[PDB]
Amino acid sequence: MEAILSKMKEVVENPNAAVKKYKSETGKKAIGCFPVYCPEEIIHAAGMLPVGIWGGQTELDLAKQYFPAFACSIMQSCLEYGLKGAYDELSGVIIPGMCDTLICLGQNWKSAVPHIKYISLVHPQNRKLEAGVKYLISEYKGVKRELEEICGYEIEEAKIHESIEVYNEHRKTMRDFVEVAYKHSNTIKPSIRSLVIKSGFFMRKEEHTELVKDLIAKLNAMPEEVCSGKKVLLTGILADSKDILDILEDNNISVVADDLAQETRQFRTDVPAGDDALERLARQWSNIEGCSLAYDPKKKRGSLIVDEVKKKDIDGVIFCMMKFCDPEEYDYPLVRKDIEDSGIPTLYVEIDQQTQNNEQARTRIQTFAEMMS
């Protein structure tokens, strides 16, 4: 494992190094993808590197010129990084207007970081209407047009189809990983699970697929394991901070499934088949379910979480609530009730990328494990 884990550790801890390495070896550019969903397949088809942007543990200073204190933590970090020039090796960024805060960030970005092209994209709420699909195809054609202005050459239809196949292969592999991690929950600690998944954001997907298929082979060689502690499912925007993952392990907790925007939300829904490449991508958005950013008057998110809990005999669900995330805040009461109505206990923990003190999560998770008996 160590050869693989260490490789993934090097790209996650030195993202910028990985980017400068990619541009020099291929002579191609890199494009940043803000949360939650971007059509990475289009960037990949051009032979460029889609790099995931998910903020980071940073204090605020420069960002105070554009945002007041009550913008969500993750977008505060992204803006601060942009202003400090941490993203300057990118030839552009897609900032989808999935919420009020993402929309505002994009508008500020045009002034705050004028040297990095901002590519606009707004997914349709009415994503199951045929009209919604046709609209999203037009948005994707716009994204294609902008990327072609940046790289300097046309992006061929046949290439986008190839990229789509590459990505569906990756999604399948990641789902395979989830199952084998669940069957070896003692070896794959929470910090390990997160590393395997998050690593996909800083390298070509086909290259990450081979690394994970190598890890799956090695784990399957080992015998299945009986979890020695309690199992949980994590749900929210993200939970990748070193501190939070250390607390879980210290209380004998293993993560064996998630509904996190940064993790399983990315690969639980495949891109459908079809003759038209941009149409294929657009219909993927029709098919997303159980996400706070994906329109659904029936709010199936809670029921879907319950299903996963029962499939794997999970002992509890922890809401990893991003500080000041209004979409997740609207969801919380109804999703919590759906889960608790099925006899599954839940916990609320705040995720703040600007903190140097996670004692609340430490004592809450401590009490939650003891409550688990």
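Numbers for residues come from their place in the sequence shown, where the first is 1.
Averaged over Cα atoms, the B-factor as recorded in the entry is higher for 220-228 than for the other of 67-75 and 220-228. Averaged over Cα atoms, the B-factor as recorded in the entry is higher for 172-180 than for the other of 92-100 and 172-180. Highest C-alpha temperature factor among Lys128, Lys84, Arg268, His115, as the PDB entry reports it: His115. Out of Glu279, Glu139, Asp258, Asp250, the entry records its largest CA B-factor for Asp250.
Compared with the other modelled residues of the chain, the Cα B-factor recorded for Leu195 ranks in the highest third.
Compared with the other modelled residues of the chain, the Cα B-factor recorded for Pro345 ranks in the middle third. The deposited CA B-factor of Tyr153 belongs to the highest third of values across its chain.
Compared with the other modelled residues of the chain, the Cα B-factor recorded for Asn108 ranks in the middle third. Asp296 sits in the lowest third of its chain by CA B factor, as recorded in the PDB entry.
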